[PDB]
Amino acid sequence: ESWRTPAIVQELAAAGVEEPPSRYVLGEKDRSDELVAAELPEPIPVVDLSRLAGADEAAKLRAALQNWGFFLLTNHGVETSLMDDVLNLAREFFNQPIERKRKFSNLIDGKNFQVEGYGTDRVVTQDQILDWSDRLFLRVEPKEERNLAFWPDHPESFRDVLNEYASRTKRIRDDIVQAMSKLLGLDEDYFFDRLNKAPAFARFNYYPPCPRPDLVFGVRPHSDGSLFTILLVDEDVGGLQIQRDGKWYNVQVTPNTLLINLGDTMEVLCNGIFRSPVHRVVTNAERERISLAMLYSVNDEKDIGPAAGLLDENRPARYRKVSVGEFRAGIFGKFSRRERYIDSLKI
């Protein structure tokens, strides 16, 4: 009935909607870059966590973060029965009757929007184009601030399995941080002090099939605002596209592997040594696509700016140092917009 309450896309697709409603249809300029992406000209960066202390993988990790901003993590310790469980339980929640799922809506009373809960992202203006997907957005860290009213009670083991999966990726977070601290020549607890009691979120994305996969986005082109993201996809058939130098490339998170991409917070803190990739998801006609992304932010203690240990005489500050409040407002507000916030920091 109004633009502040957008529809659940899964139920639109399940209805057999003849064509995407105008609220999801892209403009002419945006539609010439999405229907076709190229393949990776260079093979996909892969890192083995079991030998990440070795000198060969560190060079592989450095090349990944400096040339692409993302990499596939293999041999990560997280058991496959756990990765399948958290994915299967996510699928069972999305396949519940809609009236059960609206109890966990992110529109409080069906009216006032908030981030946490089941739905889509914030609709700022009436003519804002919506993504062709829904997501279940939940806070996982710190545990004390967890709102269990939004954690699905059915299937009954969702809360325990998510809690168990989150602790496993948090340890992966700390192992990737220690390795990145060695590539930058910085001390470990520079990041850990900023990760202490820091926010972390779990985003369950559901990408329904679309009747016109050439007119919509599953998720808008964007870069994450976190420090970095740990992504898990359920039998990825395709859809994720990453941008480099204006050119879009297809990337496929193979099963049992975790994709880890850097966010905008890391690019500023490492003074642009490593990059934060702009990425998107495109739909297709037949099959739905489910992914879970673990987003790890920094706390609110230190300003968002290049690490002082990285600003020697040969390489000065390439970004401005900004307060944390001013940073999160820019990231949160520019997600629905075309321009990218972090570019305004470049000096």
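Residue positions are given as counts along the sequence shown, with the first one as 1.
The stretch with the higher mean CA B factor, choosing between 2-10 and 337-345, is 337-345.
The PDB entry reports B-factors from which the mean C-alpha value can be compared for 73-81 and 227-235; the larger average falls on 73-81.
Between the residues 15, 25, 331, 324, it is 324 that shows the highest Cα B-factor in the PDB record. Per the deposited record, 108 carries the highest C-alpha B-factor of all listed residues (108, 148, 240, 86). For residue 280, the recorded CA temperature factor ranks within the lowest third of the chain's modelled residues.
Sort the modelled residues of the chain by CA B factor and residue 165 lands in the middle third. Among the modelled residues of its chain, residue 219 has a C-alpha B-factor that falls in the lowest third, as given in the PDB entry. Residue-level temperature factors show residue 290 in the lowest third of its chain, judged at the C-alpha atom. When the modelled residues of the chain are ordered by C-alpha B-factor, residue 122 sits in the lowest third.
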